[PDB]
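Given as structure tokens, the chain that follows is alone and in the form deposited in one PDB entry.
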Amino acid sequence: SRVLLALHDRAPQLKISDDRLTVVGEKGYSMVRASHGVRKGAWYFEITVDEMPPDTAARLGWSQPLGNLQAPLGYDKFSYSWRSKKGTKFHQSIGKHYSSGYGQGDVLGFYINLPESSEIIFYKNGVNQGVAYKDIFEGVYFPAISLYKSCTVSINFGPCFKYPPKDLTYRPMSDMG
């Protein structure tokens, strides 16, 4: 089947390439989710910032199906995001200190563990940035991208990741396809 960026479950102004793995931002923060979400286990996917011109930003992470598409990821209770500028973490529109910022060429890793103890861990070029969210809301989580203005990112669900985290057990998001 394959795990791709969602065909309809997307903000209509986002530039999504025909392969449905590269997305270009347009104006105000708008979301796109992946075609598959997860409800249990440990899963992983990578996002590569292909191009981040001046005054452009990305908030990347996991979203439940009800998260607002016309808002940034992490705007409501359905998404937790990692912001490119200052490495801020956002859930319910509250930004807290998390890590250093990520820019153009950086490869970001998104880890989620949903046991049958829940955690979200962000990665910068394979290095653990720390637990960002613990004991999260129960539901299906889909890999999600929110972009502010014309920046380009490319999503990689697996099976091969460029920077596999050291000593971390997970399944690639491509296993859902």
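Note that residue numbering begins at 1 and tracks the sequence as displayed.
One more form of this protein should be noted, the form solved in complex with a partner chain, which is absent from this view; the next part is about it.
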Exercise. Using 4.5 Å between non-hydrogen atoms, is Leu114 touching its partner chain in the deposited complex?
Worked result: no
Exercise. Heavy atoms within 4.5 Å of its partner chain in the deposited complex: does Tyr29 have any?
Worked result: yes
For this session: Please run the contact check for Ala57 against its partner chain in the deposited complex: heavy atoms, 4.5 angstroms, yes or no?
Result: yes
Problem set entry | Residue contact check: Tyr148 to its partner chain in the deposited complex, 4.5 Å heavy atom | yes
